[PDB]
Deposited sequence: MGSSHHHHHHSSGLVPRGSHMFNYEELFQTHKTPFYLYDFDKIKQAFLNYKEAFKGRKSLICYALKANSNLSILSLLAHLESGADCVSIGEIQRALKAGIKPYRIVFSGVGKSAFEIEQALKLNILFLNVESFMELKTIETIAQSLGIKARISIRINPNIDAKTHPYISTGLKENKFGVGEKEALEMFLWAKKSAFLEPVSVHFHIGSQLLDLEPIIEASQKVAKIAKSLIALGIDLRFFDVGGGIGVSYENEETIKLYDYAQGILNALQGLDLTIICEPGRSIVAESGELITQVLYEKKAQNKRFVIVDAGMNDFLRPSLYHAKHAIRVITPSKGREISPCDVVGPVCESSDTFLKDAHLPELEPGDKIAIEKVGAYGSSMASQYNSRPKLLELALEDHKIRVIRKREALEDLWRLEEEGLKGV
């Protein structure tokens, strides 16, 4: 139905097949039937109000890392008691606001954060439910930038320190430790590191309960990778089976914070061809690194599919921005295209538009959704929106 679409909407834009979002979520929801579980969608992947609303209708939870994400989630209909707040840098304002919104719990990453939360909870006269993120010091075997389970990283804390922090939250009248948490990385293709982390944390948890800490949740975070380059993906059946075995003897509600695996595939970046240039061939498209940062930031390769029915040769698919990092795919293989032909960059639903900028003074793109029905879920930015907040200073 691309024809009606290209007639009423100009490129480049993000297009989301919502069914894939609803099905991916439903798979996590059912992968855990033999137990009580909560699937907290990691907003950082994609926080569009419309998609969050779709997830809310499915009674989804939300893994937030800022007051901004918590506000989005609540505004989209997600129940506060299904909202978890992570973050190594939550500010007093964010802490206070979260406590007043009655979310599930604050996942603390430092002892100083725990003391900060206590002071704020105390002034508000409430007992703050908290979870503690531990760094099981395990290599997730992914890209260094999205690998977070090693001791080298700023996320979570070691076992000894965690044990101390927990005891501390127990004694406090303004803290209530109710959960253990861990997240070793993103875009993970190997299930061993995850399982190893589950066992180690299940051990510390068992230890925690013996010390009086009343745990009610076991949070494994997110991290399951998608098939960007046709690689084999960690099956949910094996994932769940692994975590259930790692939790032997622990009657706790399992929590998953999937992000990428929920929205990646449903989103695609539709962009039009502007020029073809020639030893090497360059296919200049109207979308750029400001719209899609993954390739340059992580050297990520997303598939490129021609949408317009039209001699296949090697070519670099590039955008309009003035930098060399602005090329979507090096040595790609496509048929000769002409000005106006449309192509789609695949699996850009996660960390796609959420990391997008206005670099080179390019307005943020139009975002469309398909619900079987094409509707706008984010209007395109006007040129004037780029400098709206700079006008008074002029």
Next on the checklist: Checking coverage: what stretches of the deposited chain sequence are missing C-alpha positions?
Outcome noted: 1-22, 301-302, 335-337, 400, 423-425
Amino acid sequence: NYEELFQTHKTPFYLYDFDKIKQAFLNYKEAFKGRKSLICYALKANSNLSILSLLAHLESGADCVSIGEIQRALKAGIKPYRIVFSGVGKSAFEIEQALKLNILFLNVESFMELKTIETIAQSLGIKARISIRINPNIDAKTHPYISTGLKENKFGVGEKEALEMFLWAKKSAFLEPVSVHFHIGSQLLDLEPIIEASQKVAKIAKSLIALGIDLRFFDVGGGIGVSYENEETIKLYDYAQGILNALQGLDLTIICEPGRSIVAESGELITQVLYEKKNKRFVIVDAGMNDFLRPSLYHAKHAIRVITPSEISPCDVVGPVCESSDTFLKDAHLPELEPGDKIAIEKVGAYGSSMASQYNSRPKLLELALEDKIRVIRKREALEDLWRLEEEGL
From here on, numbers count along this sequence of modelled residues.
Next on the checklist: Test of understanding: from the entry's C-alpha B-factors, which stretch has the higher mean, 64-72 or 321-329?
Outcome noted: 321-329
Checklist outcome for this item: Higher of the two mean Cα B-factors (342-350, 26-34; per PDB record) comes from 26-34
Checklist entry - When the CA B-factors of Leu247, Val84, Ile262, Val273 are compared as recorded in the entry, which is the largest? => result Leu247
Checklist entry - With respect to the C-alpha temperature factors reported in the PDB entry, which of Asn279, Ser131, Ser91, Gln97 ranks highest? => result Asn279
Next on the checklist: Could you place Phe105 in the lowest, middle or highest third of its chain by Cα temperature factor, using the values in the record?
Outcome noted: lowest
Item to check | Lowest, middle or highest third - CA B-factor, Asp372 | outcome: highest
Checklist entry - Based on the entry's values, in what third of the chain does the Cα temperature factor of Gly221 lie: lowest, middle or highest? => result lowest
Next on the checklist: Quick check on the deposited entry: does the C-alpha B-factor of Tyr228 sit in the lowest, middle or highest third of its chain?
Outcome noted: highest
Checklist outcome for this item: Binned into thirds over the chain's modelled residues, the C-alpha B-factor of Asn290 lands in the lowest
